[PDB]
Amino acid sequence: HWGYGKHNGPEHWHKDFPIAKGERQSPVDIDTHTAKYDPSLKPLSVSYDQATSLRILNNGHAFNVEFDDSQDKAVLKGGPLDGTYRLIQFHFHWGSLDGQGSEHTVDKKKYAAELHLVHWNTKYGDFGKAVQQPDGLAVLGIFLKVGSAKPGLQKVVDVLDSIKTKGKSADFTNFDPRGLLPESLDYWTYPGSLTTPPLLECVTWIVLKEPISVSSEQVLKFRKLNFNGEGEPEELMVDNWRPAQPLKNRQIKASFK
Ligand SMILES: N/C(=N\S(N)(=O)=O)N1CCCC1
Ligand SMILES: [Zn+2]
């Protein structure tokens, strides 16, 4: 089944998921000189004050922090978006070393990791119906660089020892995702896809320009997770990123001059 190894990683995914070679795949390199400021972009709105986190899960690829999405409680609106998108989960992608780990790149620069806050368009009623639509999802992407610790990340770091292996989960109520955001909401946006199988082309990507800083110790704890299940030989969960894909017929727009 799919993964990030030499035998089942990004170069193999197209055999089971032919849209891997599609017209609107993610991630991409963001060429900052080619991106164009778009004055049509409405102000972006991240409204997370009522977020209700539930659980953290090691799914064998990354770890997901899941939210209650039964009601408009944590939502993304504005920017390139029409309507309202509800937060369902966040997760990260990261490297074995600090010089790689992000999925998107900025003028070919790779960051140490990348946070994805995944949201679905409430006009489609459920996440499963949203992923049958070209405007079903919005993913807010945030780069991580190593420097000072991110206080709002530490509760995530500290629970990882309890979800070391694939299939393990833990309660993760009362987590505030506002603590993962940088100061600025300046962003780039383009139409793309999920970056893991099934690679569905449903996503409006919103990638923040400002990275957050996390400490070396925080990212080192990500790298102690395991891809494998309990009782199986240890496979460190590192380098769970897809590289940049062809831009094809797309324009990346900037929210900032
Ligand atoms: N790959 C994904 N999100 S991402 N990496 O495109 O943000 N997902 C797969 C199922 C739900 C979200
Ligand atoms: Zn992701």
Side-chain angles (χ1 to χ4, degrees), residues 2-5 7-31 57-64 66 88-97 99-105 108 110-121 124 126-139 141 163-169 190-205 207 222-223 225-252:
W2 68 268
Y4 292 97
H7 308 290
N8 63 2
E11 304 285 13
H12 287 276
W13 294 351
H14 71 102
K15 294 174 273 170
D16 274 336
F17 302 98
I19 200 173
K21 294 177 178 272
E23 292 302 300
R24 69 162 267 202
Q25 289 289 293
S26 296
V28 301
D29 182 56
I30 300 169
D31 174 338
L57 170 68
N58 178 332
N59 62 19
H61 309 293
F63 58 89
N64 292 346
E66 300 163 355
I88 180 165
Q89 54 112 311
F90 70 76
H91 63 270
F92 304 79
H93 305 260
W94 62 91
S96 54
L97 304 174
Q100 64 185 38
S102 67
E103 295 206 309
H104 293 89
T105 55
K108 300 295 179 91
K110 294 172 166 92
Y111 287 88
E114 187 173 330
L115 165 60
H116 290 159
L117 296 123
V118 179
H119 313 72
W120 57 272
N121 191 330
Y124 305 121
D126 69 59
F127 178 89
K129 287 282 190 289
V131 301
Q132 302 178 48
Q133 318 304 324
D135 61 349
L137 299 180
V139 184
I163 58 153
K164 183 176 177 192
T165 52
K166 179 182 178 137
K168 293 200 67 166
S169 59
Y190 75 97
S193 74
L194 299 176
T195 70
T196 70
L199 301 169
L200 296 169
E201 289 180 341
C202 315
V203 181
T204 300
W205 277 95
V207 178
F222 287 16
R223 298 182 185 131
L225 290 165
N226 286 187
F227 288 122
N228 55 281
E230 182 190 2
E232 302 168 1
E234 187 162 17
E235 291 175 73
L236 294 175
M237 184 178 279
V238 293
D239 293 319
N240 57 355
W241 53 277
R242 190 189 195 190
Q245 300 301 304
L247 189 61
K248 301 192 157 167
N249 186 39
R250 293 176 288 178
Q251 290 189 316
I252 304 181

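Positions are given from 1, in the same order as the sequence printed here.
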Minimum-distance pair of heavy atoms, taken over all atoms of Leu137 and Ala130: CD2-CB, 4.3 Å

Are any of the side-chain heavy atoms of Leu247 and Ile252 separated by less than 4.5 Å? yes

So does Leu117 get a backbone contact from the side chain of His119, meaning a donor-acceptor N/O pair under 3.5 Å? yes

So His116 and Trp205, side-chain contact (heavy atoms from CB on, under 4.5 Å) or not? Walk me through it. CA-CA 10 Å; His116 290 159; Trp205 277 95; 3.5 Å; yes

Can you list the residues that meet the salt bridge (charged side-chain N to carboxylate O under 4.0 Å, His left out) rule with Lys164, with sequence neighbours excluded? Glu234

Of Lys248, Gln245, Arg242, which is the lone residue that meets side chain to side chain donor-acceptor pair (under 3.5 Å) with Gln25? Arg242

Mind checking whether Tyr111 and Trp94 have ring centres under 6.0 Å apart? no

Starting at CD1 of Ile88, measure out to CZ of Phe90 and round the result to the nearest 0.5 Å. 13.5 Å

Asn64 side chain vs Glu66 backbone, donor-acceptor pair below 3.5 Å: no

Atom pair NE2/CD of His93 and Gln100 - distance to nearest 0.5 Å: 14.0 Å

Quick one: does any side-chain atom of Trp13 pair with a main-chain N or O of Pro18 as donor and acceptor, under 3.5 Å? no

So which atom in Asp135 and which in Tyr124 form the shortest heavy-atom distance, rounded to 0.1 Å? OD1-OH, 2.5 Å

Taking all non-hydrogen atoms of both residues into account, name the closest pair between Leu200 and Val131 and its distance. CD1-O, 3.7 Å

Would you please test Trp120 and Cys202 for side-chain contact (heavy atoms from CB on, under 4.5 Å) and show each step? CA-CA 10 Å; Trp120 57 272; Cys202 315; over 6 Å; no

Given side chains that start at C-beta, do those of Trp2 and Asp16 come closer than 4.5 Å, heavy atoms only? no

Just by distance, do the side chain of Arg24 and the backbone of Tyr190 share a donor-acceptor pair under 3.5 Å? no

In terms of side-chain heavy atoms, does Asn226 have a donor or acceptor partner in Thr165 at a distance below 3.5 Å? no

In Å, rounded to the nearest 0.5 Å, how long is the span from CE of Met237 to CG of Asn59? 6.5 Å

State which residues pass salt bridge (charged side-chain N to carboxylate O under 4.0 Å, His left out) with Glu201; sequence neighbours excluded, sorted by chain then number. none

Find out whether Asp239 and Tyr4 are in side-chain contact, i.e. whether some heavy atom of one side chain is under 4.5 Å from a heavy atom of the other. no

Where do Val28 and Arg250 land on the side-chain contact (heavy atoms from CB on, under 4.5 Å) test, with the steps shown first? CA-CA 10 Å; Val28 301; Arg250 293 176 288 178; 3.6 Å; yes

Is the number of heavy atoms from other residues, nucleotides or ligands within 6.0 Å of CG (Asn249) greater than 12? no

If you round to the nearest 0.5 Å, how far is CG of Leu199 from OG of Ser193? 5.5 Å

Minimum heavy-atom separation for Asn58 to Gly60, with atom names? OD1-N, 2.8 Å

Under a 4.5 Å cut-off applied to non-hydrogen side-chain atoms, are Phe92 and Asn240 in contact? no

Under 3.5 Å, side chain of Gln133 to main-chain N/O of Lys129, donor-acceptor pair present? yes

For the pair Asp29 (side chain) and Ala244 (backbone), establish whether a donor and an acceptor sit closer than 3.5 Å, ignoring hydrogens and angles. no

Give a yes or no answer on whether the side chain of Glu103 reaches the backbone of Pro27 with a donor-acceptor pair at less than 3.5 Å. no

Of all the heavy-atom pairs spanning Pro10 and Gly3, show the shortest one and how long it is. CD-O, 4.0 Å

What are the two closest non-hydrogen atoms of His104 and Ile30, and how far apart are they? CB-CD1, 4.4 Å

